[PDB]
Amino acid sequence: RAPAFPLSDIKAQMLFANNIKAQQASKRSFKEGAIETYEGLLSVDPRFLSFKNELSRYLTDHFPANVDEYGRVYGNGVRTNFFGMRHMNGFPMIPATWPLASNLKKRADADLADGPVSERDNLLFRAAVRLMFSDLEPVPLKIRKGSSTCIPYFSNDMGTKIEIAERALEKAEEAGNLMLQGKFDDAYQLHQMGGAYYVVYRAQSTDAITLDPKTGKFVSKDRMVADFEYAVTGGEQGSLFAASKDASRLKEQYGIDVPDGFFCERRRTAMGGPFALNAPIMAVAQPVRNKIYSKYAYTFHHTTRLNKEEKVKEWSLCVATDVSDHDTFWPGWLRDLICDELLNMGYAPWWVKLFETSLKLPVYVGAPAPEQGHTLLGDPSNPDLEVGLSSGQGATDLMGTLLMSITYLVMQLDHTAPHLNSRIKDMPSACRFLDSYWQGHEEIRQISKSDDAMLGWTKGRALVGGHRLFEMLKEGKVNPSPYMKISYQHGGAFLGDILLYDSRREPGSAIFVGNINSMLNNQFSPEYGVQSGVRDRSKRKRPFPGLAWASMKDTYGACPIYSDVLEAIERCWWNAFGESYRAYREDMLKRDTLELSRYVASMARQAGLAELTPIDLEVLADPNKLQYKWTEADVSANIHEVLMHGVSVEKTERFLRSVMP
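Scoring rules and cut-offs
Residues numbered from 1 in each chain as written, not as in the entry; some residues may be left out. Heavy atoms only, no water. Core = buried A, V, L, I, M, F, W, Y, C linked by side-chain atoms within 4.5 Å. Buried < 20%, exposed > 50% of the residue type's maximum accessible area, 1.4 Å probe, protein only. Helix = DSSP H or I, 4+ residues; strand = E, 2+ residues; numbered from the N terminus. Contact = heavy atoms within 4.5 Å. Domains from an automatic or database assignment. Buried area = accessible area lost by both parts, 1.4 Å probe. Axes fitted to C-alpha atoms, helices over the stretch in contact; angles between N-to-C directions. Parallel < 35°, antiparallel > 145°, perpendicular 65-115°, else oblique. Left-handed = near helix turned anticlockwise from the far one by under 90°. Nonpolar A, V, L, I, M, F, W, Y, C, P; charged D, E, K, R; others polar. Salt bridge = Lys/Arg side-chain N within 4 Å of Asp/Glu carboxyl O. Pairing = 2+ DSSP bridges.

Engineer: Tell me about the nonpolar core, and name the residues and values.
Structural biologist: Ranked by internal contacts, the top residues of the largest apolar core, which has 118 residues, are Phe133, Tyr347, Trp351, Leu434, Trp438 and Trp457. Element by element, the count of residues in this core is highest for helix α11 (residues 275-294), at 12 residues. With residues near it in sequence (within four places) discarded, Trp457 still touches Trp315, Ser316, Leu317, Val319, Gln412, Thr416, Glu443, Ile444, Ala462, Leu463, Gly466 and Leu469. Membership of the second largest hydrophobic core comes to 49 residues, among which are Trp549, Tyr562, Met588 and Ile639.

Spelled out as structure tokens, the structure:
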């Protein structure tokens, strides 16, 4: 069972400093309302909604899903209905989940392992730790403009952020040693290292909606949540249940006109780490990213639809997998292991302790619903929680990638290629093998990022075992892993590019195309408003929205029905506004192209987009994509300086050298 204090308790109060930003954060009440979809257009504007009720129905009709029995996608590229867009962007289901303080029961009830099951698996996890954290070169600690330091300051000043990071890099050592000693309160008071994650509820603009041919009414995918008693008990007491996506309450509450077949948004839980403590972790995490995106680029570094295509064209079989609820399942033990293995490689203990702690931290629940929240979970005097992989941690992507790359490789040895086991006998041989495997130099292969992956087999011994494995997934009565709950993607795709199989149904004669449905998501169901109130556009969640139109053709244009869908929009837009969408988006293009030349140094006063990668555009349109789809390397140096700002390398270098071996 888990400790839980109210905002009034000192342990709560101590999480927010004596200033307005912070205090408001502690009290923050349920907040809810429409978004400025584009400049001067509301997500709920009745004209826009009509455009949506029409465009959704039309495309769903005249282009249903081309996905075969083996979750392979062919023909038109369409892998589902277009009813996702049918939400009142800006209004949550009530209530949102309370975050579960311990996933141990969740995991055992789901028949998953409490540690590496074989001595071989134990070697492979620990091998990954060594390859990944081995030969790191110090880089600048890059920071994102207009992002909250969270506990305890909640600042946004890039000024104040650097001063905080630089500080935390000097006093990181003193703070770690403090915790190795069990003086957790002490470290947090002297250097803001400790405390808690702050729970914000980001939204998921587009979730399953379907049409029941029988009734004629619409159905939103129920989304199960926990109440407080469920969250603190690990699942023991309290209840689980579907949240109320019903959007009717808006007509009475705000007298907003709600058309038939429109529902509230899904709210995903999301966390903010005490920056004091993320800084030392990112100082290592970033150099790490750099090693595996270079040396091990086959399996880890992915850019365009053709970057991926080259790799999978040489496969004889391509199985696209798909993990369930990856984050809240991530095993507490993988952390204790990764930490033990680092300690051995010769990482400073104090740093390893800071790392360990960033994973067992308490969480402040903001406001899940009206009349709720304002509660701290777990005692910060002695961090014990087992929350899964905490979304705001300094290294979340690495923890996800390391856990899953080894899970998939294991699932491959287990089911298709027993003959290789003999290559894994001790630590060095383990490493020598993994190194070859990750470079793609073996008859089995993976491309992955955390929970998206495609697994491949080339002509060889393993090859037939692959088809059996695949078959076990199509049937799907057994889970092919001990570690997580795996299965096959229905209409497979990798990092938002769909895999287009032809008549052959072979990875040699297939191609990667843009997901057309993701265009409709980025354009009519954005995650945030335009923030026309924020002067500095580099701080906005969407700095230059109009630019996405330049890089649009370049991105989705390979999609089979690109042509059609643009016309579908244009017409449905016309019907609903008495305007040309194309025009609209074109004007918006010229505007932001100019506005940009103010933010870009070298460009400017009217020079155009000539020198910019399609990526560059998509990223400037949704910098959120830089945080899951691409990375610093994929974005033109000068564009990078618009969105991020770093800490002097003379300082990361000096710090990194007291951490590593």
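Engineer: Describe in detail the domain arrangement of the chain, supporting the description with residues and values.
Structural biologist: Accessible area lost on assembly of the parts is the figure often given for the size of an interface. Per the domain assignment, the segments of the chain are domain 1 (1-28 + 100-274 + 331-395), domain 2 (35-89 + 516-604), domain 3 (275-330 + 396-515) and domain 4 (605-661). Computed over C-alpha atoms, the centres of domain 1 and domain 2 are 31 Å apart. At the interface, 24 residues of domain 1 touch 23 residues of domain 2. For the pair domain 1 and domain 2, the two sides together bury roughly 2000 Å², of which 55% comes from carbon and sulfur.

Engineer: Describe the packing of α11 against helix α16 (residues 349-357), naming the residues involved and giving the relevant values.
Structural biologist: Their axes nearest at 10 Å, the elements α11 and α16 cross at an angle of 115°. As judged from the angle between their axes, α11 and α16 are roughly perpendicular. The interaxial crossing formed by α11 with α16 has left-handed handedness. Between α11 and α16, the residues in contact are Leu277, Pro280, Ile281 and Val284 and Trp351, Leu354 and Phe355, respectively. Each residue belonging to the contact of α11 with α16 can be placed in one class, and the counts come to 7 nonpolar, no polar and no charged.

Engineer: Give me the lowdown on the pattern of salt bridges, citing residues and values where you can.
Structural biologist: Enumeration over the complete set of coordinates arrives at 35 salt bridges. For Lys313, the salt bridge identified is with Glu309, shortest N-O distance 3.7 Å. By relative accessible area, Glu309 is classed as buried at 12%. Residues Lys625 and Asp622 are paired through a salt bridge, measuring 3.7 Å at the closest nitrogen-oxygen approach. With a relative accessible area of 6%, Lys625 lands in the buried category. On the basis of relative accessible area, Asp622 is assigned to the buried category, the value being 19%. A network of salt bridges, in which partner residues are shared, links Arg126, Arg130, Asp340 and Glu341.

Engineer: Any details on the sheet that holds strand β13 (residues 363-365)? Residues and values, ideally.
Structural biologist: Spatially, 6 strands are ordered β1-β14-β13-β6-β11-β4 in an open sheet, and the strand pairing comes out mixed. The open sheet has two edge strands, β1 (4-6) and β4 (87-92), and neither has a second partner. Sheet twist, expressed as the average angle between the axes of neighbouring strands with direction ignored, equals 35°.

Engineer: If you had to explain the sheet that holds strand β12 (residues 317-322) to someone new, which residues and values would you point to?
Structural biologist: Here we have 3 strands laid out as an open sheet, ordered β12-β16-β15, and antiparallel in their pairing. With partners counted over all chains shown, the strands left at the sheet margins are β12 and β15 (444-449), one partner each. Between one strand and the next, the sheet's axes are offset by a mean angle of 20°, whatever the strand orientation. Strand direction decides the pairing type here: β12 and strand β16 (residues 452-457), joined by 6 bridges, are antiparallel. Note that in β16 the partner of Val319 across the bridge is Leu455. Contacts from helix α19 (residues 463-475) reach β12 and β16, with the element oriented near 35° to β12.

Engineer: Break down the pairing of strand β11 (residues 263-272) for me, citing the residues and quoting the values.
Structural biologist: Across the 10 residues of β11, 8 count as buried, placing the element largely inside the fold. Here β4 pairs with β11 via 2 bridges, running parallel. Note on β11: the bridge partner recorded for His87 is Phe263. Sheet analysis places strand β6 (residues 197-204) next to β11, joined by 7 bridges and oriented antiparallel. Each residue of the ladder has a partner; that of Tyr198, found in β11, is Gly272.

Engineer: Let's hear about unusual backbone geometry: which residues, and what values?
Structural biologist: Put simply, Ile94 and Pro95 share a cis peptide bond, and its omega is -5°. Inspection of the secondary structure assignment puts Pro95 in the loop between β4 and α4 (104-109). Residues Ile151 and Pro152 are joined by a peptide bond in cis, for which omega reads 10°. With respect to the helices and strands, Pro152 occurs in the loop between β5 (143-144) and α6 (158-170). Of note in this structure, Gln531 is not a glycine but carries a positive phi near 50°. Taking relative accessible area as the criterion, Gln531 reaches 29% and is therefore assigned partly exposed. Positioned with a positive phi, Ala604 is a non-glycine residue whose angle comes to about 120°. Of note, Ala604 is situated in the loop between α23 (581-599) and α24 (614-621).

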